[PDB]
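Report on the structure given below.
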Amino acid sequence: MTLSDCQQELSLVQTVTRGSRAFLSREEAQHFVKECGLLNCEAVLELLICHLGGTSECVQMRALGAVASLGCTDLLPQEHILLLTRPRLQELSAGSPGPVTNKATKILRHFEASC
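Following the deposited numbering, the numbering of the sequence shown begins with 320 at its first residue and continues without gaps.
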């Protein structure tokens, strides 16, 4: 589909979202951010959003961590990151109380504050 030519971006998102810890390490975040600078960041973000849906709680937490890390760079305007992520972040922030709901809320509030 429209992401089929984004195999490098897909491999990056699969790497960053696998792991048993819910928080990216400093080294994992910096690597993710460096690779984002070389790939299509918007395609990366859309693949992260895909991983916010069906997966496990840990994958969701790591995907949200990667969204937060990308939002704290200048790779995309922060208003553009908000445009792309607001619908899913709003849906998660409306969920049952818990770690994913809490983290999605903080990310959404931060992106809204910046704009």
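Every residue gets a Cβ at the ideal spot worked out from N, C-alpha and C, and that includes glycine.
- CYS360 counts as buried, since at least 16 other C-beta atoms from the protein chains shown sit within 10 angstroms of its C-beta.
- Its chain contains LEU411, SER412 and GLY414 as the residues whose beta carbon lies nearer than 7 Å to that of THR420, once the 5 sequence neighbours on both sides are disregarded; these appear in chain order.
- Secondary structure note for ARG337: it is in no alpha helix (DSSP H), with a DSSP letter that is neither H nor E.
- Short of 6 Å from the beta carbon of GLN327, and not among the five residues preceding or following it, lie these beta carbons of its own chain, in chain order: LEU358.
- The three-state reading of DSSP puts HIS370 in coil, since its state is none of H, G, I, E or B.
- With contacts defined by Cβ atoms closer than 8 Å, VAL352 and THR392 form a contacting pair.
- Under the criterion of beta carbons closer than 8 Å, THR404 and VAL378 do not qualify as touching, at roughly 16 Å.
- Measuring C-alpha to C-alpha distances from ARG345 to each of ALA387, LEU401, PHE430 and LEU394 identifies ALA387 as the nearest.
- By the CB criterion at 8 Å, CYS434 and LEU401 fall inside the cutoff.
- Between the alpha carbons of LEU427 and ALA348 lies a gap of roughly 19 Å.
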